[PDB]
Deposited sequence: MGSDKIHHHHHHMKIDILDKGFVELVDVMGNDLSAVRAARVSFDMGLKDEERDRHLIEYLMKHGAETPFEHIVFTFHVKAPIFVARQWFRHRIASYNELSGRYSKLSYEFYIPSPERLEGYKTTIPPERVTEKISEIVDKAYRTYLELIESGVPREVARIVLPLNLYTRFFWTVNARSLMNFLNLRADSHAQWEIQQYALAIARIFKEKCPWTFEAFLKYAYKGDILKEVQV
């Protein structure tokens, strides 16, 4: 499962361990212990009571392409594993997030939204040109990259269990989160739902704290 996000981003599921029954088993190993009706009720019971440790036995790995300002927010989720493309080690690609003019809907601006779009493209092009000039002059990559803007795309692998994923969705699939990461959270939710439908529906009904899903 792969989902395009923003203008050049994506979220892709690379691997998964377990399913809804993984949580039911782990939880049962407590009672020294059925059928779809009872196992689904147990999932709802756990979710209703905040007994979320059993969901840690469901694990996902995603490959994500996102702008640096989005990745900065995402990487604040400490209960997870990350490995990210390095600007110290690699030549960084010319790929930037340019907001669509619709991104400014609701805001009165004193320059046209299409001109905001152009101004962002222009500065990012100038910054990349400076970056490449520095690189081609023999400046180390790790220094050259410091002129690149926060809308540069980066890529990372993310391994996260279902409990920590539900925390991420509470926080990022929510109107208070920046719109850009919301869009990534909606994609993560769609994949979670596909892989763990009983857990996801129980999450939405009983535990999900956000206002978008």
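- Stretches of the deposited sequence left without coordinates are 1 to 12, 46 to 47, 228 to 232, in sequence order.
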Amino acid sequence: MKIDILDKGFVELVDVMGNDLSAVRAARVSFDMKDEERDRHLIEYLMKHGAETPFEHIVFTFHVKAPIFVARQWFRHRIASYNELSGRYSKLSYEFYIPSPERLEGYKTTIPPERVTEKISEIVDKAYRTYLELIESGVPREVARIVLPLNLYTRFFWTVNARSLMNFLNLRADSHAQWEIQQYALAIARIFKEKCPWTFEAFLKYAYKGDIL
From here on, numbers count along this sequence of modelled residues.
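- Annotation for 77 to 85 versus 119 to 127: the higher mean temperature factor (C-alpha) is found in 119 to 127.
- Of the two segments examined, 102 to 110 and 133 to 141, it is 102 to 110 that shows the higher average Cα temperature factor in the deposited entry.
- Across the options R155, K48, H57, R172, the residue with the most elevated CA B-factor in the record is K48.
- Among the modelled residues of its chain, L150 has a C-alpha B-factor that falls in the lowest third according to the deposited record.
- Residue-level temperature factors show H63 in the lowest third of its chain, judged at the C-alpha atom.
- When all modelled residues of the chain are sorted by CA temperature factor, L186 is found within the middle third.
- For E180, the recorded CA temperature factor ranks within the lowest third of the chain's modelled residues.
- When the modelled residues of the chain are ordered by their C-alpha B factor, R38 lands in the highest third.
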